[PDB]
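S.K.: Dropping the structure in here first, questions after.
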Amino acid sequence: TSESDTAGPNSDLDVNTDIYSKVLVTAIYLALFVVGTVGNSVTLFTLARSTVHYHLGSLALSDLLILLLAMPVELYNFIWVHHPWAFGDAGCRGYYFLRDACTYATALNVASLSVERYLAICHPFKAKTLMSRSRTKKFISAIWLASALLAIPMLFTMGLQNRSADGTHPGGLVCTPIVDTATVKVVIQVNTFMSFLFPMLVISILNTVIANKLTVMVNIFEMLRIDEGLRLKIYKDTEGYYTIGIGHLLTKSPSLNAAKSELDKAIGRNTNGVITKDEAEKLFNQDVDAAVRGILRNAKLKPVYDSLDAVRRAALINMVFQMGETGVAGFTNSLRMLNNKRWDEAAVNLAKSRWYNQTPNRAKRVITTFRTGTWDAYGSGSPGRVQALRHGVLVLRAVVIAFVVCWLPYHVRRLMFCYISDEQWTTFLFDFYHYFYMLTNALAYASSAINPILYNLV
Amino acid sequence: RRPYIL
C-alpha cells in the first residue's frame with residue numbers, strides 16, 4: 001500500500017542482529033578473505049610450472065571460488081540487508097547451486113587428498129606402478145563433475161518468493177526454499193551426509209591408519225637395523241648367500257659378479273660392490289612392505305597383525321623378515337597367544353622354539369618387545385627420525401580437527417533450519433539462529449584460509 | 001516464525 005512507502009509491511013522478515021556484530025563479522029570476513037585469497041592463489045599460481053599436487057591444486061581452487069562467489073553475496077543479503085533478495089530468481093537458484101557445488105568440491109578434495117596419501121604411505125606396491133598422470137587427471141575431473149550433480153537439487157529447492165504482508169511489494173522478495181518442509185528436510189540431509197559425514201569418516205579413518213603405518217616404519221627401522229645389521233659392502237649370509245644392507249638377499253647364485261650384477265638393477269649405478277646408507281634404506285623400505293604384503297594376504301598372520309599395536313607389529317615384521325611368511329606362520333600356538341593379548345604366555349612358548357636357540361640374543365629382544373609393547377630392548381632410538389614421526393601425526397590430526405571445527409557448525413545450522421517445526425520456533429530461537437548464522441559461516445570460510453596452510457605442510 | 005535464510 002501507499003506506493004509512497006518503501007519499507008512497507010515487511011516486519012515479519014526483519015532480523016534483530018546488532019550493527020556491532022555486523023561490523024565484527026565483516027571485519028572477520030575481510031581478514032579471512034584477504035588471507036584465503038593470497039594463500040589459495042600462491043598455492044594455485046606456483047603450481048603451474050609425484051602427482052600429489054594435482055589434488056592440492058584442485059583443493060586450492062575450490063577454496064578460492066568459495067571466497068570469491070559465495071562470500072560477497074552472503075555479506076550483503078545474509079549479514080547486513082537480510083531482505084529483499086537483490087539478485088532475482090535466477091540469482092537465487094544460481095547462488096545456492098554454486099555455493100553447494102563448491103562446498104562439495106572442497107570436502108571431496110579433502111577426502112581425496114587423504115586417499116592418495118593413504119595409497120602412498122600404507123600401500124607402496126599398489127601405487128608406485130598403477131597411478132599415472134592420466135588416472136590422477138580424470139580422477140579430479142570426476143570430483144568436480146560429481147560435486148556439480150549433487151548440487152542439482154538446489155536449483156529446485158531454492159527460489160524467489162514474496163512474503164510481504166501486502167499482496168505485492170518489492171521489499172518482501174526473499175531467496176528461500178520454495179518447497180515444503182519435508183522436501184527441504186530430505187535435500188539438507190543428503191547434502192549434510194554426503195559432504196560432512198562421508199569425508200569425516202573417510203578422513204579420520206584413513207588418517208588414523210596412516211599414523212599407525214608411519215609409527216610401524218619408525219619402529220621396524222631400528223629393530224631390524226640393530227638385529228639384522230647395516231653393512232654398506234657385500235657380505236656373506238649365514239646360510240652362505242650374498243646379502244647387503246639390512247639383510248637384502250641378493251642371490252643364491254655363488255657367482256660374485258652375478259651378485260654385483262643384480263646389486264644395481266635396483267640401485268641404478270655401477271657401484272662395484274658398495275652402496276650408500278640412503279640406498280640401503282630404500283632397499284629396506286621395499287623389503288618391509290613385501291613382508292607386510294605377505295602378512296596381509298595370509299589368513300593365519302593378518303588377524304594377529306591387526307590386533308597388535310604399532311610397536312608389536314614391527315616385532316612381527318621383524319620375525320617375518322628373518323624367517324619368511326611360512327616360517328613365522330609355522331608358529332601357530334604363539335600367534336593365537338599373541339591374538340589373545342597374552343604376552344607373558346606367548347613370550348615363554350617362543351623361548352622354546354628353534355628360532356630362539358639359533359639367535360638367542362636377537363630372539364629375546366623380539367620377545368621382550370612382545371612383552372612390553374615398547375622397543376626398550378633396542379634403546380631409546382634416533383631422536384631425529386622419531387620426531388618427524390610425531391610431526392606427521394599432529395598434521396593428520398590437524399586435518400581431521402580443522403574439517404570438523406570448520407564445517408560441523410555450518411551443517412548443524414542448516415539442520416536447525418528444517419528440523420525445528422513451526423510450533424517450536426520461539427522469538428529467542430529466531431534471533432539466536434541469525435547470530436548463530438554469523439559464527440558457523442565464519443568458521444566455514446576459515447577452512448578456505450586454513451587449508452592452504454595445513455595441506456602445504458604435507 | 002521460521003527463518004527464511006538458508
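Lettering and numbering for the C-alpha cells are positional, with chains as A, B, ... in the shown order, residues counted from 1 in each chain, and ligands counted from 1 in the shown order.
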When DSSP works through the backbone of this structure, what residues of segment 193-229 of chain A end up as alpha helix (DSSP H), shown as a PyMOL selection string?

M.R.: chain A and resi 198-227

S.K.: Restrict the calculation to only C-alpha atoms, then for each residue of chain A with any atom at most 10 Å from an atom of chain B give the closest atom pair and their distance in Å to one decimal, rows by chain and rising residue number, as CSV.

M.R.:
```
residue,atom,partner,partner_atom,distance
A:12,CA,B:1,CA,7.9
A:13,CA,B:4,CA,8.1
A:15,CA,B:3,CA,9.4
A:77,CA,B:5,CA,9.2
A:78,CA,B:5,CA,7.0
A:82,CA,B:5,CA,8.0
A:83,CA,B:5,CA,9.5
A:96,CA,B:6,CA,9.0
A:158,CA,B:6,CA,9.1
A:161,CA,B:4,CA,10.0
A:163,CA,B:4,CA,9.6
A:174,CA,B:4,CA,7.5
A:175,CA,B:5,CA,7.1
A:176,CA,B:4,CA,5.2
A:177,CA,B:4,CA,7.5
A:178,CA,B:4,CA,10.0
A:188,CA,B:6,CA,9.9
A:413,CA,B:6,CA,8.6
A:414,CA,B:6,CA,6.5
A:415,CA,B:6,CA,9.8
A:416,CA,B:3,CA,9.8
A:417,CA,B:3,CA,6.9
A:418,CA,B:2,CA,8.8
A:420,CA,B:2,CA,8.2
A:421,CA,B:2,CA,7.8
A:422,CA,B:2,CA,6.3
A:423,CA,B:1,CA,8.8
A:424,CA,B:2,CA,9.1
A:425,CA,B:1,CA,6.1
A:426,CA,B:1,CA,7.3
A:427,CA,B:1,CA,7.6
A:429,CA,B:2,CA,9.0
A:430,CA,B:3,CA,6.7
A:431,CA,B:3,CA,9.4
A:433,CA,B:3,CA,7.9
A:434,CA,B:3,CA,8.4
A:437,CA,B:6,CA,9.1
```

S.K.: When you draw a straight line from atom CA of residue 31 of chain A to atom CA of residue 58 of chain A, how long is it in Å?

M.R.: 23.0 Å

S.K.: I want to know what sits within 7 Å of segment 364-367 of chain A, based on only C-alpha atoms, with residues of the same chain fewer than 3 positions away left out; could you give that as a list in words?

M.R.: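 The contact residues come out as residues 315, 347, 360, 361, 370, 371 and 377 of chain A.
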
S.K.: Emit the selected residues as a short mmCIF file (atom, residue, chain, number, x, y, z; two decimals), in the first residue's frame, including N, CA and C atoms.

M.R.:
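Wrote selection-v5.cif, looks like this:
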```cif
data_model
loop_
_atom_site.label_atom_id
_atom_site.label_comp_id
_atom_site.auth_asym_id
_atom_site.auth_seq_id
_atom_site.Cartn_x
_atom_site.Cartn_y
_atom_site.Cartn_z
N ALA A 315 57.62 -55.95 15.68
CA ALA A 315 58.21 -57.20 16.15
C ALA A 315 57.78 -58.37 15.29
N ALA A 347 55.47 -65.17 25.33
CA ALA A 347 56.90 -64.94 25.48
C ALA A 347 57.63 -66.20 25.92
N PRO A 360 69.92 -66.49 20.00
CA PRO A 360 69.41 -66.18 21.34
C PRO A 360 69.34 -64.69 21.64
N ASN A 361 70.35 -63.92 21.24
CA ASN A 361 70.38 -62.50 21.59
C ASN A 361 69.26 -61.73 20.90
N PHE A 370 57.40 -58.04 22.38
CA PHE A 370 56.05 -58.57 22.53
C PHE A 370 55.54 -58.48 23.96
N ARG A 371 56.45 -58.43 24.94
CA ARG A 371 56.04 -58.37 26.34
C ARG A 371 55.58 -56.97 26.73
N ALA A 377 64.15 -52.68 24.56
CA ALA A 377 65.24 -53.62 24.33
C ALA A 377 66.19 -53.15 23.23
#
```

S.K.: Find the residues near residue 156 of chain A: any atom within 12 Å, counting only C-alpha atoms, skip ones fewer than 6 places away on the same chain, and give them as a PyMOL selection string.

M.R.: chain A and resi 89-90+92-94+96-97+176-180+183-184+187

S.K.: Between atom CA of residue 254 of chain A and atom CA of residue 240 of chain A, what is the distance, to one decimal in Å?

M.R.: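 Distance reported for this atom pair: 8.5 Å.
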
S.K.: How many Å separate atom CA of residue 114 of chain A from atom CA of residue 387 of chain A?

M.R.: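 For atom CA of residue 114 of chain A relative to atom CA of residue 387 of chain A, the distance reads 21.5 Å.
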
S.K.: Measuring between only C-alpha atoms, which one of A:337, A:256, A:449, A:151 shows the shortest distance to residue 236 of chain A?

M.R.: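 Of the candidates, the smallest distance to residue 236 of chain A is held by A:256.
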
S.K.: If you run DSSP over the backbone, which residues in segment 94-329 of chain A end up strand (DSSP E or B)? Put them as a ChimeraX atom specification.

M.R.: /A:158-162,173-177,231-236,242-245,248-251,274

S.K.: Mind writing the picked residues with C-alpha atoms as a PDB file, in the first residue's frame?

M.R.:
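Final file, selection_7.pdb:
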```
ATOM      1  CA  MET A 158      15.508 -22.767  -3.612  1.00  0.00           C
ATOM      2  CA  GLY A 159      13.779 -19.933  -5.430  1.00  0.00           C
ATOM      3  CA  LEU A 160      12.470 -16.382  -5.209  1.00  0.00           C
ATOM      4  CA  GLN A 161       9.350 -15.812  -3.119  1.00  0.00           C
ATOM      5  CA  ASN A 162       7.377 -12.749  -1.986  1.00  0.00           C
ATOM      6  CA  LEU A 173      11.049 -10.768  -2.143  1.00  0.00           C
ATOM      7  CA  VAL A 174      13.262 -13.329  -0.395  1.00  0.00           C
ATOM      8  CA  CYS A 175      15.592 -16.125  -1.523  1.00  0.00           C
ATOM      9  CA  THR A 176      14.194 -19.059   0.454  1.00  0.00           C
ATOM     10  CA  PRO A 177      13.302 -22.721  -0.136  1.00  0.00           C
ATOM     11  CA  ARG A 231      76.505 -53.092   6.071  1.00  0.00           C
ATOM     12  CA  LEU A 232      77.347 -50.898   3.078  1.00  0.00           C
ATOM     13  CA  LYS A 233      79.555 -53.567   1.454  1.00  0.00           C
ATOM     14  CA  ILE A 234      78.716 -57.021   0.135  1.00  0.00           C
ATOM     15  CA  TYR A 235      78.898 -59.623   2.907  1.00  0.00           C
ATOM     16  CA  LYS A 236      78.177 -63.343   3.140  1.00  0.00           C
ATOM     17  CA  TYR A 242      75.038 -62.798  -0.861  1.00  0.00           C
ATOM     18  CA  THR A 243      73.295 -60.054   1.126  1.00  0.00           C
ATOM     19  CA  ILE A 244      73.791 -56.315   1.583  1.00  0.00           C
ATOM     20  CA  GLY A 245      72.227 -53.533   3.614  1.00  0.00           C
ATOM     21  CA  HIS A 248      68.586 -57.697   1.445  1.00  0.00           C
ATOM     22  CA  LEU A 249      69.021 -61.183  -0.012  1.00  0.00           C
ATOM     23  CA  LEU A 250      70.666 -60.560  -3.381  1.00  0.00           C
ATOM     24  CA  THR A 251      71.017 -64.019  -4.939  1.00  0.00           C
ATOM     25  CA  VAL A 274      79.235 -50.975  -2.438  1.00  0.00           C
TER      26      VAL A 274
END
```
